[PDB]
Structure formats: C-alpha cells, structure tokens
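**Student:** Protein chains in written order, with the entry's author numbering: chain A, 472 to 570; chain B, 93 to 1016; chain C, 323 to 372; chain D, 2 to 552; chain E, 4 to 98.
Please read through the structure below; I'll follow up with questions.
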Amino acid sequence: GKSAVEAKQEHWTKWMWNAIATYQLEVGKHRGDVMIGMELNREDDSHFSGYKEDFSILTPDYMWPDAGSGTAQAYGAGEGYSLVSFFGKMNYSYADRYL
Amino acid sequence: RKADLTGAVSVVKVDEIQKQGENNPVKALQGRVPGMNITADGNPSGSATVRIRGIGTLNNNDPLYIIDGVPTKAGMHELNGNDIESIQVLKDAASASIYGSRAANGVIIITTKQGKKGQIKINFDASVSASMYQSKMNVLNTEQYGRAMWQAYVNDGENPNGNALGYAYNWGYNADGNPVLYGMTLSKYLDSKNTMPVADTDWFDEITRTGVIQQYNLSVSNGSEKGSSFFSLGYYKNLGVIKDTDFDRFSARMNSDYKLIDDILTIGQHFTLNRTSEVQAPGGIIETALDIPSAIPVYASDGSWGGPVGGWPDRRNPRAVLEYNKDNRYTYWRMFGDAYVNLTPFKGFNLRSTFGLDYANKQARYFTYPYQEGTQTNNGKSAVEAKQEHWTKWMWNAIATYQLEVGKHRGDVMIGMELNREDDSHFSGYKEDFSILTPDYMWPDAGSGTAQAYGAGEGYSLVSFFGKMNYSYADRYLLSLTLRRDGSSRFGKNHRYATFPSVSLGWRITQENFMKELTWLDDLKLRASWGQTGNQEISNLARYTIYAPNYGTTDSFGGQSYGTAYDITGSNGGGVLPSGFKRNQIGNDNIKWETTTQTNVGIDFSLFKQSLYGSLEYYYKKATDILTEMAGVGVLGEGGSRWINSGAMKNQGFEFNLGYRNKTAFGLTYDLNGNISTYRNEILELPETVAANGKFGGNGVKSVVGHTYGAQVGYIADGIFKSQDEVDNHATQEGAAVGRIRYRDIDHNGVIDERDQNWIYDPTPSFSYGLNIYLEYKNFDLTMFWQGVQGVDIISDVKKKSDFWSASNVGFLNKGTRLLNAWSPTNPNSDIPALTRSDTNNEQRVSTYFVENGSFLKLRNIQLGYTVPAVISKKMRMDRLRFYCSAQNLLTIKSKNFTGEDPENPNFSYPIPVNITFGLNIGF
Amino acid sequence: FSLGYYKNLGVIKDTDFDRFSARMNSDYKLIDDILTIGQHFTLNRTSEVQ
Amino acid sequence: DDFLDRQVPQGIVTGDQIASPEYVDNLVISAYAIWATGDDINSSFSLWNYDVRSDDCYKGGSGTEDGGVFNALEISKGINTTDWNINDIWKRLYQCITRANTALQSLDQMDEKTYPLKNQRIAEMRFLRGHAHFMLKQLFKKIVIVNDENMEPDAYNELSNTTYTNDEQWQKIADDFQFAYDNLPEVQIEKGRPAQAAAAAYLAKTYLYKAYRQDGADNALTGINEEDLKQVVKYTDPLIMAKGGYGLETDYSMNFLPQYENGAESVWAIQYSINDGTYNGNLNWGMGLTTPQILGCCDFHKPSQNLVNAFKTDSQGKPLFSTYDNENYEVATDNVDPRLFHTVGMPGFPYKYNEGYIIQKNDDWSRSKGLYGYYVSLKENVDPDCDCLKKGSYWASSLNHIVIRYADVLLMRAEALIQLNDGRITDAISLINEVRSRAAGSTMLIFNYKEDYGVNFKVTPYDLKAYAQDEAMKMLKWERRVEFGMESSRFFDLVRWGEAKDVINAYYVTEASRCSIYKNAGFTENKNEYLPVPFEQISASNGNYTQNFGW
Amino acid sequence: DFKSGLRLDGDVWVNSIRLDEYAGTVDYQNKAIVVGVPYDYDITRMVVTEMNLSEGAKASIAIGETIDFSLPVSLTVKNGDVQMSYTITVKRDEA
Ligand SMILES: OC[C@H]1O[C@@](CO)(OC[C@H]2O[C@@](CO)(OC[C@H]3O[C@@](CO)(OC[C@H]4O[C@@](CO[C@]5(CO)O[C@H](CO)[C@@H](O)[C@@H]5O)(OC[C@H]5O[C@@](CO)(OC[C@H]6O[C@](O)(CO)[C@@H](O)[C@@H]6O)[C@@H](O)[C@@H]5O)[C@@H](O)[C@@H]4O)[C@@H](O)[C@@H]3O)[C@@H](O)[C@@H]2O)[C@@H](O)[C@@H]1O
Ligand SMILES: OC[C@H]1O[C@@](CO)(OC[C@H]2O[C@@](CO)(OC[C@H]3O[C@@](CO)(OC[C@H]4O[C@](O)(CO)[C@@H](O)[C@@H]4O)[C@@H](O)[C@@H]3O)[C@@H](O)[C@@H]2O)[C@@H](O)[C@@H]1O
Ligand SMILES: [Mg+2]
Ligand SMILES: [Mg+2]
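If you want it as structure tokens, here you go:
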C-alpha cells in the first residue's frame, strides 16, 4: 500500500558566442580564402526533485506534495563546463583544378 | 487614431514615454494619463501597481494588458518596452468591453513596432545611468542617541546612569530645576567579553550604494507589401541603491506578417522571449536599518559581523542580512507569442483567427546561512530551498467582420468567439544540515538533514461570445452596440454564463452646417456611453468546501501553523504522526458574475487648426454583487471564509486633458501637454462580517459603509499638554501628564476611551495633475515632465518611530533625528511630545498625529538632447544621431506639514533614487 | 515562419508522444550590402508518456 | 462542451467527500492536533498570557510596550474592547471548538456495528469541545455555546451568548464531560486520548466552578450551591482515580522534567513532539516567549517577588499567612518550601538543575534591565542540553503541557468538602497534608542546596483536628497558591472565590514599590474580573451579543 | 557628515602596574589586577610606582600617591571619551 509522488524539474542552458573573420582573393587563376575564428561555449545544467508519500485519494489531481502526509525527500544537483577555441582555415585553388 | 473613436480612450505618446528611460513602460506613463494611478516603490525591477478610474472592486484591481491582441495580467517589467509602437488606455466599459471579459478595471492596448511598408531601418540605443539615494532618513548618531536616552530617563524621573548600556552621564540642574546634560562618556566595549567595540555607524550609508543602470537596444525593421518583419534585441541591468539587490533582463522580439495570393490569407505572428534575473531586498531591511542603534559596529573584534550584545536591543545586522541574502537570485523566462491568420473572401468580409501563448517559468534557489551576530542567532541552522513555478496561458480567438459603405451610411458588424485557458503549477524542495555553506556546495543532494517537499497546481478557463456593431451617418452621428456572453470555470453550471450589453453614442457637432462660420473651432465632438462589464477575478476554488490535509510541513512564524498531526500515542514523535484534514473555506454554489456599470460623458475639442486640443470627461462607475471573501462570524471557526455577492462600490470622477502646440517667430517649437483629474470613491453595501473586521477600512471600530475605501478611524490629537493646569482642565484620560498628547473628547462625556474616535484618514487625493513640456530649438530638445498630487493624506510609521521614544514593541531602538527637538520645559516652543521610557499614555493608538499632508509636486523627468546636424550624420552614413542627458526624480516640493521625506514613498518600502542618465541613439 | 504539430500513440497502450513546434527565421541586409543582421529561433513543446 | 469543466481542484478534498467513513479517524486526529498547532506566542492555550493579571507573575519582555495590550491587562487600566489579543484568543478557542464539531458531525453519521469505537470517539470529541468551552467560560463570562454539530454555517449568525443564563451555560458545558465520563474507557493505552479519570476530574472542575453562583448582572458572588459541591465530591472519588491508575508522583519535579512525560500525576496533557516530519515539530510554541535571555531572547512570564515570599515558610513548617510579604525572602535565614526551587529560578542558583548555568542579576538574564525583576519561571522551561529544545524563530520545547494534575484533583476535593462543611473538614485536611508531604519529600534534585547555598527546607503537615471553616479555606487558598504557581490558574481561582478585587488591589499596592509599572494600576470591582466580549464580534453579530457588566 | 566627533578610538588597555617593588598580573576578561605580597607586608600603605596604560590614556590613580589596598580598589582608565574599569586586589600569599 505504498503511495508516493515525485515532482522533478531539470534545466539545461547552453550558450555559444562565435566570431569569424574571412578574406577572399581572386588573383589571376589563384583563388584563396583565409578565415580566423574564435568560439566560446558554456553549458550549465541543473535539476531538483521533491518526493512525498502517504496519500489518501490516489488520483493525479489530488496527488501533490502539499497533499501528501508522509516522509519527504529532496534531491538536487548541478553541473556545467566551458570551451574556448581559436581556429584558422585556409583554402587555395589553382586553375579550379588543384585544391 | 483612437481606435474606438467613441469612448474614453487615452492615447499615450511613446516618443516621450521612451524619453524617461525606464524599464517598465507602465512606470514611465506614471502621471501622463488622467484617471490613472501608478505606484512604484523604486526597486530595480520596474514593478508597479496600476489603478484605473480609482478603486473599482473588492478584488484584484489590476488592469488588463493586451499586447498584440493577446490579453495578460502579468507585469510589463519583464517585457521589453523599447519596442512599443502605440499605447492606448481604454477606461470606459463600453469601449473596453469588446477586448475581453476581464476588462472591468480598464484595458491597456500595446501595439509593438512593425516593419513600415517599403523601407528598412535600424536603431541602436545605449544608455548608462547612476542612481543615488536621496531620501536618507536622519537617524540618531551615538552622541545624539545617548542624549535622547538621558532626556527620556530624566523626564520619567529615573536615574539615567541606570541605563546599563554603557553610557555614563555627567548632568545637573539649571536655576529653574530643569535637568541639563553637561556631557557623556561610553564604555569602549559593549560586552564583557571585549568583542564588540563601541563605534559610530551610519547604517543607511553602510547598506546603500551608488547604483548603475545599463541599457542597450538594437532593433531592425523591414517592411513591404510583399511582407514585413521586425527584429529587436534588448539588454537592461540595474543595480539598486541597496547593496546586493539587482535586476537584469535580456529580451528578443520577432514580429512578421505575410500577405499572400493578392490580399487573401494574411498570416502574421508576434513572438518575444525574455529572461530576467533578480535579487530582491529582504523584507523590512529599511526598517531594520532604522531600528538598529548606531553604537553597534559593523564588524566585531575578530572580523565577524557585529551585532547586539548585553542589554542592547535585538535587531539583526542589516549589512549581514544583505550579505547572506545576496545569493537568493531567481531566474524568470517569459514567452509571449501569437500567430494570426486573416482571410478576406471579398471586399467587406474578414475572418481573423488568432492563437496566443504566454509561458512563464520561474526558478529560484533560496539559502539560509547560519548567522551569529552577538546575541542574534538561528542556532546554526543551514538550509536550501529549490523552488520552481510554471505558468501557461493560451488563448484562441476567432473574429468575423463585415463592413458596408451604402451612401452616407457606414456600418460594421463583428462577431467573435474567444477561449482562454490558464494553468499554473509550482513545487519546491527543502533540505538542511549543510557543511561547507556556499552556493556551490548547497544542493539538496549535498544536504544531510530533514527534507520537505511542497507542491500545488491550479487553473481556470474562460469562454466568450461577443458582438460589436458600429453605425455612422454622414460621418457626423456615431452609434455603437456591443453584447457579450461570458462564462468562466470558477462558477457553477447554473450561474456560469452572464450577458453584458453596452451602448455608445457620438455627435460631431463641428460637422453640423449651423456652425460653419465658427472657423476657429477646428473640431468638437460630444460622446456618451453606458456599458456593463463582468468581473470574476476570484480564487479558482471559490464555490467548493475545501478540506486540505495540512500536515504542518510549511514553515510558520509564531507556531500558528494550524497543522494536522498529533503524537496521539505519546512518544515525542520519532516517526510519521497520524494526519487528517482541516477546512480551508466553505463553498458557496450561488456565486455569479460581479456587474460593473459605467456611464461616461466626454467632450473632445480642437481649436486653431489643431493647435489647442483637449478633452473633458465625467464618469460614474457602480459595481454591484461584488464577489467578496467574507470572513467567518467568529464562532464559525476556521474555514469560515466564503465568497459571496454582497458588495457595492461607487466612483464618480472628472478628467481634463489639455494640450497646446505652436511654433515661435525666432524658431522655438514648444509643446505643452497638461492633465488634471479627480475622483470620489464610496462603499454602499458590504457584508456584516467584512464591515466588522474592517479589512476595507474603519479599523474594526466603525463600518466603512458610506465612506471611502480604506478610510481609517482614530483619535484626534489636540496638541500636547504643557502644564499641570492644562492636564487638570482637560477631560480625564489614563496616562495624561505634562508633555503627553491631548486627545479630544468627541462625545463630551468627560472621559477619553475607545468611543472617542472619528474618521480621520481619507486615501483619496483632492486632484492629481501632470504637465509635459517639450521645447525644440536649433537641434536642442528639452523635455520636462512634472507630476503633482494635492489633497492626499498618508498614515506614517516613520513619524511614529521618529517623534516618539519607546513607541515600538521593543525599547532602546534607534530613532529619527527630529526626536531631539522634543518638548521640554527648557524647550517650550515645540509640538513633539516629551520623551518617556514608558508608553503610559498609549500613544501608539491611531490618531491624527500620524496623519500627514501627502501633497507633493515632483519633477518626474527632465532631459536635454542634442541632435547631430543632418549633413554630418549623412557624411557619417547615420540617418540620425542623437545624444542626451536626463535626470529622473531630481526635484520635489512637499508641504511643510509633512515631517518625513519623499511623500510618494512615506514608509519603509524600497527607496526611490535620483537617476542621472547619459544616452545616445543611432539610426543607420 | 513555420508551425508544426505531431502526435503519436504508440502500439503499447498508454504510451504516447506529441510535439508543438514554431520556427521563425529572418535576415535583413542594410546600408547597401554591409551590416547583414539575421536570426533563427525555434520553440518546441513535447509531452510524452513512456 | 467540457472546456469549462475539464479542470478540477488540485490537492484538496471537497465537503461532500469529507463525510466518507474512512476519514473519521483523520478528522479525530485533526481535532486533537488543533490543540497543539493552533496556539500563537501571544495566545497560548495555557493562558499564561492572560494570567499575568494575577499576583503570581509580571509580564516579561523588554518593557511595558512589548505587548502593550497585555501590560494594559496586567495593570487593569486602559483596557479596550478593541484589543487584538482578546479577539485573537476568542477566535482561536472557537476554531478548536469547530474542528471538534466537524469531527463529531462526521462521527454521528456512522454505523456503530461497523465502527465499534464510535462511542469512545464521540466521547473524546465531546471532551475536547467541553474543554474549549470551559476555557472560554473562564476567560469571558458570557460565551456562545456552540454544541450543535449538525448546524449549517448560515445558522451560526443567529447564535447569541445570552441564550442561556450563567448556570445553564455551566450545565451545558458539564453535559459534554458527563457524556465523556460515561462513555470513555477506564484506561487508555494511547496516551494522547483522554481517559475516564480525566473526564471525571474535569467534570468535577466544571461543577466546582458552577457552585460559586454569579447570578445577577454584576460579577459578584451570590452564594454557594450545595448540590454542585455534592456532585464534585461524587465525581472526585478516589475509586475512579485508582481505577484509572493515577496518583501523585514521588517527586514534584517529575511533573515538569522531559524524562517523565505521561507520568502518574499527568491525568491529561497536550502532547508536544519533536523529530516528527513537521518543519520544526509540534513544539510548545505557546511558551516560546517565556525562555530566559540566556537561551537567546524574549524573556517573558517572569514570576513575582510576591510569589517568592508566598513560597517562604515559617520556623514551624507552615506558610506565613500574614507576614510573608513584609520582607523579601532571605536565602540564608529563612525556612523555605522546596517547591520554590521547582517553580521559580532565583538568582545565584542553577537554572533548571544545570550547574553550568547560574542565574545572575545582570542583563544576561533580564531583558528589561531589572524592570521586571530577575526571577525566571522553570515549570515550562527545560535544560538547554537535553535536546528537548529547538530554535524555530522561538526557543520551544517538546515538554508536554499538563492540563489536569492529580494534585489539582485532590485540592478540588478538599475545596468541595470544606465548602460543604458537613463535618468533613478532617478529610480536606488529610488531602492537604498529603500534598504537603509530597512537597516535603520532593527534594531529590535539590538535596545539595543545603550545603551549597545555605537553603533550609521546612515543610510539615497539619494535625488532624477540627478547624474552623474560614481557617480551613485560608489554608486551602495558601496550598493552591504555593502548589500551582506559574501554572496560570491564580486569577481564575481568585475570580471564582470572589476576592479577586481585594487580592489584586493589595498586590498592586505592595508591589508598586518593587516594580514601577504598578504606579497607576487599579482593579475595578465589577469590570475587570472578566475579559470584555470582543467589539469586533459584537459588531458582527448585531443585536445578539451583550457586553459584560461594567463596560 | 554623520560622525559625532566623540573620538571613540580611545585605547584604554593597561600594560602593567608596580605597587612598591611588586608587579601585578592583569586579566582582561574580568578586568582584574592581582598583586601578591609575602604574607606579612603592610598592605595599608603602598605607593603606586609605575603604571603604563596606553598613548593618551589617563587613569584616576596617579603616580607616586599612597593607597590602602586592604580591600579591592577601583581604577578607571579614560582615553578620549571612552573608559574602562579595573579592580586591583592585593593578597598575602596565603597557603
Ligand atoms: O494583528 C493586529 C495587530 O496586532 C499587531 C500590533 O502590533 O501585532 C500583534 C500580532 O503580531 C504577532 C506576530 O505573530 O505578535 C507580535 C507581538 O509579539 C510581541 C509581544 O508579544 O513581541 C514578541 C517577540 O517577538 C520579537 C522576536 O524578535 C526577533 C525578530 O525577528 O525574532 C527572533 C527571535 O529570536 C529574532 O530574530 C528577534 O529576536 O520580535 C518579533 C516581532 O517584531 C515585529 C512586530 O511588529 O516586527 C518588528 C521587527 O521585527 C523584525 O523581525 C526585525 O528583523 C522584523 O520583522 C520587524 O522589523 C514582527 O516582525 C514580530 O512580530 C521580539 O522582539 C518580541 O519580543 C510584540 O513584539 C508584538 O506585538 C501576532 O502574535 C499578533 O497577532 C500588529 O501585527 C497588528 O497591527
Ligand atoms: O502562484 C499563483 C499566483 O501567484 C502570483 C501572484 O500572486 O505570483 C506567484 C509568486 O510569484 C511572486 C513571488 O513572491 O512574484 C513576485 C516577484 O516575482 C515577479 C517575477 O518577475 O513577479 C512574478 C509575476 O507575477 C506578477 O508579479 C503578477 O502579480 C507579475 O508582475 C510577474 O510577472 C516579480 O514581478 C515580483 O517581484 C509573487 O507574486 C507570488 O508569490 C502570480 O504570478 C500567480 O498567478
Ligand atoms: Mg469620551
Ligand atoms: Mg512530549
């Protein structure tokens, strides 16, 4: 006769900022591009949950942690990470034949 | 363009709304609309309270905001205000009824910017401001505090050296025998442990700072008949004057519309995403700063927070409170979208179907760090709260409109169906017994103590069928008829639906042939309207007899938790106690809609070729069957509160808008927009228990019926006694002595008691006015908005804590500076009662002493701007470059009867700072 | 501008998955070819019983 | 079109479902729990807030302004019918009554065969309702008798506090205790529930209060009724108590130590618990203000030098009936009842039997800087180190609150016998001697005081000889005063006896010297022996409630 | 702008005192100064020889004055507008 409810919430938030500088050139049969970029990424995750027991009516409408009348538990955690990157890409083409 | 054109509509000019540089556009339009009251405390968020046409009902009086056709009651401080194209306030029932079933308190229609046809523009606005704390309450320093306490002791006739707070007084008498204080000395350490050195501390300066405001907006619009779009980004950040309180907001708005086929099937949308993070001040932080005496050092000897020790009064360190509260930051995501499709089968017909969405998500994490400030401690309690809330409101609307232009007759008919559904939920976890005590470590998993879980949910639904018919003859006679059938989920099946009619008439007198020769009178229109609107803003579970299993897990102050859990076995707990149910309220199955009837009569005029324009309106609002939550009779016990239709409110008001714009011979373009308004409020009927307990006025002493909402009853203070002869000649009263307040004998019975009370407070201003001045001259524009309120009374508690010694619950608290100039035989020319340690006279009672004249006139905004000349701007490729420097809340004038400061904010709420701003606008 | 609705009732009873979606992309070219400002945004709401 | 019907209330039970048979035990537990969770700091069901009007105690706190309305009650001057405390206590007691009435209404519609304990549960609910009515009757002379469980909420407005006279109201109160005595089990394994002995004792108390007639508009005594005293003697018979297994504890301190909860003398007690899933536990928040300043704050409920002098005894071993208050009690040169060191914590002595805390006459123990003296009540406080105690914004303990004590039953029986005066004064003297003998033997925790602080204990019983009725009554009053000090019944006993005015005026005159708050004190002959009916309630029930005499 | 100008800094500590040719042990927790004498010294006439308190600190007891120390003697050290009280006691090395 165990009755319980879990109310769980999770958040994920990732934001990225990117910067690019590109140059192209068409000297004769030579076609050359150069790109320099900087990128920052940051991800933050979190979550938390409540847990309640000892309900009476036993229906989703009635089953809320306030309506519970038993042992309660609370869980919660958070984490995150960051990335930084500097990249450079150079493309050269001769006679539209050698890349 | 007044949209309705035949009702009480006020059009607000955003070109000077944006000038005030405020986060909340509602707060920006504080005094620029007649018959509207905006109250803002001054916290970093722009949160403000709105009251249209005075108080209209005994329930939530908040007006209904409609952004791009989607109604909402959420505050606008969480929405970007720099992308507003037009604002119209509909204050009449007839005009505002068509915009929703929640229009009883007035409607604010906000139209966001849209891509102007055939052109593309971009605007970048930047603004940096400093906010300074001006209304610094003057509290006693250490020497002044010692002098005041000595004065109190000698007036009471007790030995001042018995103060036992470390003061040692050298004092004597003058020739007349009046005590005089030669000097004072202090014990260096307030405690025997030599941990709390005595110091002179400015608590208000310590908790206040100079805040910084940053604002950056970037909008780009692009419009054509091929379709239009508009994209806006916005960032706002505000550091409050109170330390460790702040508010920032990111905003992104995306509007677009597409016209397909040729003119059929117009599909448009408006979406906006906002992210606001905020740290708020703890409750009563200003109160704590005022109370704590200046002798307490901020830091103890060992570097820990200083606090009360020994005989000093128990008040927490306000700086420590702010430091511990600085981590209680909440995040709030707001998501306001809508998508509409418009079909035009032929020339006169239109079918518009709109779907709106409003999703809000609030996530917070509150901490409870252990504190030990002298004798103030929470026994090393450490805890964490993880709270989450969700609000989801969606609306679906369908409209069918037909227009006809037969001859001089112009007639439109619109039939609409609207469905609204709101669902709210929230849940929280609570953990204790942490070790590291830092926000990084403080998570419910890391906790190692007792845990609690809270959670609730609710919602409601609305259905509405409305019909609006407008007829116009010769563009001279205007008639409007609207009818609504509204139902809400908050009522029983029998009383679910209600019908509300409204009629409006208008006559353009200037169009009549008999007054053609009056060429100076450019335009004159006389309009009248009578409408009924419905109110159902009550609790969702209003008609049910609620029994809740309140186990008592919710924190409560004083232990009156009313929980349901008894150690029936008798073992001091140790497990899960048996639980039960308790009654929250008694159901009422006969509740129905509250009916608000409004009659409006207006005259709009324009003279000298639209050079002198204005309006004059008179309105009468009558609210009946007001859904009020009447309390129990008293022997009915808990849960006796029940909703009932037993109310009646009356509001008569006048509004007068004026505006004069003209150029000048030497090239000075001046524009003056004046405004003045007044209203009278009254309660006509009220349930007996409501009148008895006086939640709406009367303090529970006399019924408020027949008086203004919120009016209070108290004694009447006829000065203070100045001689034993005066004390004897006055009617007898307990605690009367020399220097005490003399209370008038109202009933002439010869004795002062609880029957000697009368109406003393009326929270209705005589009139409120505003004035906006705009001067343009040689690329220089000066804007000045003044706002004034006249004839308003305010109940003051700062006066209670500054004019009296030992009037608070606990003694020896720090008081205001004006306490020093109290009455004494050495200082006869005064009106402040003599100091005393015992409140024998019971001067805490409600009386005219605490009623102050709140009339004021403050320069709400001033702004000086320079526009770079067009030639330089074009050379720089910018279409428009502008710089400006502005000041908000710079200057104020108050009546001499107002002892305190800042009559707008006369109590311990958040202070209102002075903002000095510098900003620029670029229009590439 | 895109709107989308998907709903799936699984072969196993009392398991299902539905999704609302709204996408809004735009870009603007200003001056003559300088300062191109664009954005792509999408909002999705998926409810599921597994 | 179920669009307006799809959503339903969340996390609640409706009134129709609350009548289901399986919620009856839940409602019973609710009606019990209101007695532990429905009391505020300023309104505790122990009624110590309103017992400051007596001579036992002052009001603690920083000063006269800390609870100014209670200072007004204590000095009996400037009391207004529009005082928040009066209305608050009225509303709280009636809230308890209504929760019990809801439980009774649910019980009365249940099959006895299916629910065998129906009569016992009904008796318990009636007992709780009668207890709340008794408290209301003590505080306000004229109360509304809400004893009809099957009454609609709309019908409550028609109730009046003058439907029954004073005697009828007392009888209506006693009817619930009579039913509870008839139907309750003799012994309750489940300690929280009342037992038949408790019901009988409390019924005897109701009849004892009923005997002292208050006929007429004024609040003056109008004779003593013999039938009520006969009923008191009938229902206080030692056979009932022996059947319930109740009796005096071997030591006086066991009634207040946390280690001996639910003892033999604890006839009935409000159960307070700790570590039970509640946010802070069902602690005694009502006594949250009474903790000493050393525990952290609020220093309320301070006993009085008059009470200490009353505790002082003579050389023979009897209380000083006339000269006790002439001089302050001297620790070294006066014989003193040992009950003093269980009731009042004097300076220079251990606080609640803890040698680590010695009471001092400094600000570390008095919040008012000597305005209210330096004595600390001990009956409701606990040792700081017994982890009985918790900081929930107010230091509160899990110590149970005893409502009925076997000493109270014995003194009640003695009073009944003395008032009857049918040649049975000797039995009352025997009961008084039994209580005094218990007090004299109660020195297990204070034995070292003789050699550590020079305390002389000297208490002796009385010879079993004929005593005059007035002499016996005087001795009984003294015994009650020294036995139930700080237990919040002194003022009620003074009102019942009728000498409240004289005793209070004498106390004011005597204590004005050693406490400056009594400079302007004054007790009115027929106005201040009862709290006024709240003005808010009178206004709400227009033309139904009548204010007490003298207002 | 807010300071009262009451010069609360005022160090009032007592380093040591010397009664005749005997030093005194100073306890700051209870503000006591105990001086021992060889169980026969005349404790009715002692001249305060040296007493160093602090910079700007003045004591009620001067230097060079004779005092009866049969009972504890109260000493007040004042600096600026603050003060501290000590009790000086002399004991005859009782065993
Ligand atoms: O309701 C109608 C009418 O009644 C009024 C009239 O004043 O009050 C009565 C109404 O309020 C209650 C609150 O439940 O009773 C309050 C009542 O309690 C008194 C006398 O009994 O004193 C009780 C003690 O409470 C203390 C505790 O101090 C502290 C402060 O937090 O608590 C913990 C304990 O260690 C520590 O942090 C402190 O020691 O004071 C709390 C009391 O102070 C109030 C009263 O206005 O506000 C003052 C300041 O206290 C703060 O907490 C400061 O940080 C802030 O909240 C505020 O600035 C209020 O907060 C608390 O009630 C201690 O000082 C007292 O000795 C009286 O003080 C007081 O009258 C109810 O029981 C009762 O119904 C009004 O509320 C109303 O008009
Ligand atoms: O819970 C249902 C019901 O409660 C409301 C109002 O009663 O708010 C829920 C709780 O959120 C509170 C926190 O105390 O909001 C106050 C602060 O939070 C903000 C977020 O920016 O306001 C939230 C949201 O609600 C309004 O305030 C409407 O009153 C809106 O202005 C705003 O968008 C912030 O503005 C405040 O500083 C508080 O209101 C409640 O405890 C309702 O949101 C909900 O319907
Ligand atoms: Mg009078
Ligand atoms: Mg217990």
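Note that CB positions come from ideal geometry on N, CA and C, so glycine has one too.
For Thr-824 (chain B) and chain D, any beta-carbon pair shorter than 8 Å?
**Tutor:** no
**Student:** Just to confirm before moving on: does the CB-CB distance between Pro-641 (chain B) and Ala-490 (chain A) stay below 8 Å?
**Tutor:** no
**Student:** Any heavy atom of ligand 4 closer than 7 Å to the CB of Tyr-552 (chain A)?
**Tutor:** no
**Student:** Below 8 Å on C-beta distance, what does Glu-846 (chain B) contact in chain D?
**Tutor:** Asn-81, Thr-82, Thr-83, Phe-536
**Student:** Looking at C-alpha atoms only, which residue of B:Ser-671, B:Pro-126, B:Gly-667 is the closest neighbour of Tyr-654 (chain B)?
**Tutor:** B:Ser-671
**Student:** In the region 106-183 of chain B, which residue ranges form an unbroken alpha helix (DSSP H) of at least 4 residues, counting only runs that do not cross its ends?
**Tutor:** 106-109, 117-120
**Student:** Quick check: what's the CA-CA separation for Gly-238 (chain B) versus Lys-183 (chain B)?
**Tutor:** About 56 Å.
**Student:** Since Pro-239 (chain D) is in the alpha helix (DSSP H), which residue starts that stretch and which ends it?
**Tutor:** Counting along the chain, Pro-239 (chain D) sits inside the alpha helix (DSSP H) bounded by residues 239-245.
**Student:** Does the distance between the C-beta of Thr-646 (chain B) and the nearest non-hydrogen atom of ligand 1 fall short of 7 Å?
**Tutor:** no
**Student:** Within 8 Å of any Cβ in chain D, is that where the Cβ of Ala-538 (chain A) sits?
**Tutor:** True, the Cβ-Cβ gap to chain D drops below 8 Å.
**Student:** In this structure, what does DSSP give as the bridge partners for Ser-553 (chain B)?
**Tutor:** B:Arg-513
**Student:** Label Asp-41 (chain D) either buried or exposed according to how many other C-beta atoms from any shown protein chain fall within 10 Å of its C-beta, with 16 as the threshold for buried.
**Tutor:** buried
**Student:** Return the CA-CA distance between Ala-100 (chain B) and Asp-515 (chain B), expressed in angstroms with no decimal places.
**Tutor:** 33 Å
**Student:** Check whether the Cβ of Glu-235 (chain B) lies closer than 8 Å to any Cβ atom in chain E.
**Tutor:** yes
**Student:** Which residues of chain A have a Cβ atom closer than 8 Å to the Cβ of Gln-272 (chain D), listed in chain order?
**Tutor:** Simply none; closest approach about 18 Å.
**Student:** Going by alpha carbons, who is nearest to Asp-659 (chain B) out of D:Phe-536, D:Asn-120, D:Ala-32, D:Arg-414?
**Tutor:** Ranking D:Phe-536, D:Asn-120, D:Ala-32, D:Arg-414 by Cα distance to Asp-659 (chain B) puts D:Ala-32 first.
**Student:** Within a Cβ cutoff of 6 Å, which residues of the same chain sit near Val-890 (chain B), ignoring the five residues on either side of it in sequence?
**Tutor:** Non-local beta-carbon contacts of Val-890 (chain B) in its own chain, meaning distances under 6 Å to residues more than five positions away in sequence, involve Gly-992 in chain order.
**Student:** Residues in its own chain within less than 6 Å of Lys-479 (chain A) by CB, not counting five upstream and five downstream?
**Tutor:** Taken in chain order, the residues that qualify are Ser-520.
**Student:** Output needed for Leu-496 (chain B): all residues of its chain with C-beta closer than 8 Å, excluding positions within five of it in sequence on either side, in chain order.
**Tutor:** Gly-440, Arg-502, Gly-503, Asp-504
**Student:** Quick one, are the C-beta atoms of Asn-152 (chain B) and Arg-143 (chain B) less than 8 Å apart?
**Tutor:** no
**Student:** According to the Cβ coordinates, are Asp-168 (chain D) and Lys-211 (chain D) closer than 8 Å?
**Tutor:** yes
**Student:** Does the Cβ-Cβ distance between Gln-170 (chain D) and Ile-190 (chain D) come in under 8 Å?
**Tutor:** no
**Student:** Can you say whether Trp-488 (chain A) is buried or exposed, counting buried as having 16 or more other CB atoms within 10 angstroms of its CB?
**Tutor:** Counting Cβ neighbours within 10 Å, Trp-488 (chain A) comes out exposed, since fewer than 16 surround it.
**Student:** So, using beta-carbon positions, are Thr-291 (chain D) and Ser-369 (chain D) closer together than 8 Å?
**Tutor:** no
**Student:** Expressed to the nearest angstrom, what Euclidean distance is found between the alpha-carbon atoms of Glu-113 (chain D) and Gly-729 (chain B)?
**Tutor:** Spanning the two alpha carbons is a distance of roughly 28 Å.
**Student:** Using a Cβ cut-off of 9 Å, pull out every chain E residue sitting near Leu-704 (chain B), in sequence order please.
**Tutor:** For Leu-704 (chain B), no chain E residue has a Cβ inside 9 Å of its Cβ, as the nearest lies near 50 Å away.
**Student:** Quick check: what's the CA-CA separation for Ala-548 (chain A) versus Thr-164 (chain B)?
**Tutor:** A straight-line Cα-Cα distance of about 34 Å links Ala-548 (chain A) and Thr-164 (chain B).
**Student:** Using a C-beta cutoff of 8 Å, does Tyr-327 (chain C) count as contacting chain B?
**Tutor:** no
**Student:** Below 8 Å on C-beta distance, what does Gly-374 (chain D) contact in chain A?
**Tutor:** Going along chain A, no residue has its Cβ under 8 Å from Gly-374 (chain D), so there is no contact; the nearest lies around 45 Å.
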